[PDB]
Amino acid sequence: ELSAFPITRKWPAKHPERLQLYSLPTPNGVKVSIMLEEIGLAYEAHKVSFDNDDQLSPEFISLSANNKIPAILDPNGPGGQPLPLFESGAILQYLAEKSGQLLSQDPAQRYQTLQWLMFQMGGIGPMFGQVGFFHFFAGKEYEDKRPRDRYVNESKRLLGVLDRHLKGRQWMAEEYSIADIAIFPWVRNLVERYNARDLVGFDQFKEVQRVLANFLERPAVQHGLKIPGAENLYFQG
């Protein structure tokens, strides 16, 4: 019964028995594609193009109320009923709990993982994103650099928190988890796409560098970083 969800009018399901992903390769979108690749859950990816204002369409918003990617529609949700969901961090937790992977069953570790996920969702994403605005997008042209410097300094502070935490450790929690999947695409985005490597003094965070490199070596990460592409759009036009 996916036809009850208007999003499917705009991105029809070729495989309605599979989880539907509505996304774009961005630091938030790739959290979810990476997660799906890691856990081996079948899914059907759909490209939501910002160039066409797709994320502002009534069909998209009918599921993803905040007009943002990523969003999912899982036909095999609780009770075998479809589950609509947005917010990358909520989707990560949902998928971890659904699959039993990448979120510890040990309660204390569960909560430590959720803590670091929330740190990402409130700190890393929002603050690194402002560095992008003030160094890579329109804000880069603003002559008054006090705003830029606010967000750069805060991003450096957050990197320091990560760096100190990761000393002596492989991952944020005792096992690789959704907290890593949430954080490291954003670290990558800051130092690659936003061209902010020197601005945030990245070379001083040796532990973050080490763990980022380990993250990027993972085959599921390399796949998930690239998904969705456009091929799922072509037959429809």
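Position 1 is the first residue in the sequence shown; the rest follow in order.
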query	finding
132-140 versus 84-92 - which carries the larger mean C-alpha B factor in the record	132-140
Residue stretch of maximal mean CA temperature factor, 55-63 vs 180-188	55-63
Candidate residues 35, 69, 196, 172, the one whose C-alpha B factor the record puts highest	196
CA B-factor ranking of residue 215, expressed as a third of its chain	middle
Chain third (lowest, middle, highest) by recorded CA B-factor, residue given as residue 31	lowest
Within-chain third of residue 99 by Cα B-factor, per the entry	middle
Chain-relative CA temperature factor third for residue 165	middle
Third of the chain's Cα B-factor distribution that residue 77 belongs to, per the entry	middle
